[PDB]
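> kindly generate the corresponding structure for this input.
(chains A, B, C and D, ligands or ions: 4)
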Number of protein chains: 4
Amino acid sequence: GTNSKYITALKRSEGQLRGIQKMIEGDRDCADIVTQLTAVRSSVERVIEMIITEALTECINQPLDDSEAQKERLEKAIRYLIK
Amino acid sequence: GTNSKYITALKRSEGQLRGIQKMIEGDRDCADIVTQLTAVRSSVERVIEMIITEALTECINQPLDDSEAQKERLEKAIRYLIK
Amino acid sequence: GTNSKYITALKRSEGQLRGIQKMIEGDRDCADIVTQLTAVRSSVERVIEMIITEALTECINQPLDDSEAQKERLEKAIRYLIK
Amino acid sequence: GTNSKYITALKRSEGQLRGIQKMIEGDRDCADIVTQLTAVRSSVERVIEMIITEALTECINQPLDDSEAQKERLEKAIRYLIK
Ligand code: NA
Ligand code: NA
Ligand code: NA
Ligand code: NA
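Numbers count the residues shown, from 1 in each chain, chains lettered A, B, ... in the order given. Ligands and ions are numbered 1, 2, ... in the order given. The coordinates are given below.
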C-alpha cells in the first residue's frame, strides 16, 4: 500500500539507475559502473526476498478457516518460494 | 532413509566427480570439464531444492496439534527456504 | 557515452521499477510483483555482463604497445570477469 | 595432470557427498544436510572459477605468435568466462 518500505527501496534503486546512466554517459570506469549496478541488483534481490517472506508470513498468520484448504494454500506458496 | 532417491542422485554426482577428476588428470579441454562440473553443481542445487521442498511439505502436512506452535514452526521453516 | 544502448536499457529498468512501485501501492499479487522485479534483476544482470564483455574486448583489441604490460592488463581484467 | 590440486578438491567434494548420503540414510536434520550440500556446491563453484581463471591466464601468457589470431583466441576465451 501507500507508504510501503518496498516502494521506498525501489525508488532508491530507481534513482541509483539514473546515476549509473550518467556514469555511462561519462565513460566512467567499468569497475565503478559494475559495482553500482551490482548494488542495484542486490537491492532488487533483497526486495524480492522480503516481499516473498512477507507474503508467506501473511499466508501462515491469516489462515483460512478450512485447515485442509490452508495446507494447500501454504503448499502452493512454499513451492513458489523454493523456485 | 535407506532407499531415498536423493542418495541415488548424490551417488550419480559422486561418480561424475570421479569422471571429472580423470578429465583433469588427462588435461581435457577446460570447456568440457567446466560443462561437467556445472552439471554436478546443478544436480546438487536440485537436490537442495527438493530436500527443502520435502521438508516444508512434511511440516505443512504433519502439523502439531497446537495451531499457534505450528504457525511458528512453519515460519521458521519458510524463512529458511527464502534464505 | 551519450547515445549508449546501456543507458537505454537501464532507463527501461528505471521505468519498470516505477511501474512496480505502483503495483506495490496497489497491493497487486506478490507473484506479479516478483515476476516484474525478477525481470528488472535480469536486465541489470545482462547490462553488467555486456559492459564487462565490452570492456574486456576493448582491452584485447586496443592493446598497449608493450606486450608484457598488455598481458598484465588483460590478466587484471579477466580475474575481474571471473569474480 | 596427475597431481593437480583440482583433482584433490573434487575428491574432497566426492567424499563429502558420500557423507551426505549417510546423513540422508539417517534422516538427519534437513538443515544440516542442506548446509553440507551447499558447501559441496560452493566447492564445485570454486573449482569451476579457478579452472577458468587458469585457462585464461595460460591463454594470455602462452600467446600465439600471430597477434591477430591471439586476440581472437582471447576473445573466444573471455566471452566464455562472462557466460
Ligand atoms: Na511491509
Ligand atoms: Na523423498
Ligand atoms: Na556499447
Ligand atoms: Na593448477
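> need the longest helix for chain A.
helix A:30-61 (DSSP state H).
> compute the inter-axis angle for that helix and helix C:30-61.
On the basis of axes from the mean of the first three to the mean of the last three Cα atoms, to 10 degrees, helix A:30-61 is oriented at 160 degrees to helix C:30-61.
> list the helices and strands helix A:30-61 packs on?
Here helix A:30-61 touches helix A:5-25, helix A:67-82, helix B:67-82, helix C:30-61, going by 3 or more Cβ pairs under 8 Å, 6 or more residues apart in numbering or on different chains; DSSP states H and E. Where you see a C-beta, it was placed from the backbone N, CA and C, and this is true even at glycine.
> so which bits of it are buried?
A:30, A:33-34, A:36-37, A:40-41, A:43-44, A:47-48, A:51-53, A:55-56, A:59-60 (16 or more other Cβ atoms under 10 Å in any protein chain shown).
> now the residue with the largest distance to the centre of chain A: phi and psi?
The outermost residue of chain A, judged against the average C-alpha position, is residue A:66 (30.5 Å), by Cα atoms, centre = their mean. Main-chain dihedrals, residue A:66, degrees, to the nearest 10: phi -80, psi 110.
> can you check residue A:62 too?
phi -120, psi 60.
> now do the contacts for it.
Residue A:62 makes contact with no residue, according to Cβ atoms under 8 Å, 6 or more residues apart in numbering or on different chains.
> where's it relative to chain D, distance?
With distances taken as Cβ to the nearest Cβ, to the nearest Å, residue A:62 is found 26 Å from chain D.
> from residue C:22, how far out is that residue?
24 Å (Cβ to Cβ, to the nearest Å).
> and if you look at residue A:64?
For residue A:64, the distance to residue C:22 (Cβ to Cβ) stands at 29 Å.
> more neighbours, those two?
Remark: of residue A:64 and residue C:22, residue A:64 carries more neighbours, 13 against 10, as counted by other Cβ atoms under 10 Å in any protein chain shown.
> quick check: residue A:47 vs residue A:69, distance?
To residue A:69, residue A:47 is 29 Å away according to Cβ to Cβ.
> okay, now residue A:2: neighbour count?
Other residues near residue A:2 come to 8 when the count uses other Cβ under 10 Å.
> re earlier: how far away from the center of its chain is the longest helix of chain A?
Here the centre of helix A:30-61 is set off from its chain's centre by 4 Å, with Cα atoms, centre = their mean, to the nearest Å.
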